[PDB]
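> generate coordinates for the sequence data below:
(chains A and B)
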2 protein chains.
Amino acid sequence: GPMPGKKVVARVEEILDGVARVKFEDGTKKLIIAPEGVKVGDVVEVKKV
Amino acid sequence: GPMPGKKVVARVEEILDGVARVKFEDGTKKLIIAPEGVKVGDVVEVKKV
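Residues are numbered from 1 along each chain as shown, chains lettered A, B, ... in the order given. Sharing the structure here:
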């Protein structure tokens, strides 16, 4: 079961026009939309609104 | 170019064991890791750490 209070983060491997290819904790790489100011090598979080 | 100060959010369509299928603003649906407490119908954000 997902751990309560655990933040979810991914590493930015490639980015173009606000769309980042990120590596998740399990090592899987996927495209996501990322905010402006995010560069390759930066870390992003997935958080509940 | 990505708009500066614009938050990135996605809608949670399906979730299981901390892995959500979310719909991005463009309508594309993808699996992501999501924090504990995220249920179907919730909204998540992608934010720089």
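> what residues does chain A have near chain B?
Residues of chain A lying near chain B by Cβ under 8 Å from any Cβ of the partner chain: A:1-10, A:17-18, A:24-26, A:30-38, A:42-49. For the C-beta atoms, the positions are set from N, CA and C on the backbone; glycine is no exception.
> in strands, which of the residues you listed appear?
Applying DSSP state E to these, the entries found in strands are A:8-10, A:30-33, A:43-48.
> which of these are buried, as a PyMOL select command?
With 16 or more other Cβ atoms under 10 Å in any protein chain shown as the criterion, this PyMOL line picks the buried residues out of these:
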select buried, chain A and resi 8+9+10+32+33+44+46+47
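> which of the ones in strands among the residues of chain A next to chain B sit farthest apart?
For these, with distances taken as Cβ to Cβ, the pair at the greatest spread is A:31 and A:48 (21.2 Å).
> element containing residue A:22, please.
Assigned by DSSP states H and E, residue A:22 falls within strand A:19-23.
> which secondary structure elements does that strand sit against?
Counting contacts by 3 or more Cβ pairs under 8 Å, 6 or more residues apart in numbering or on different chains; DSSP states H and E, strand A:19-23 packs against strand A:8-16, strand A:29-33.
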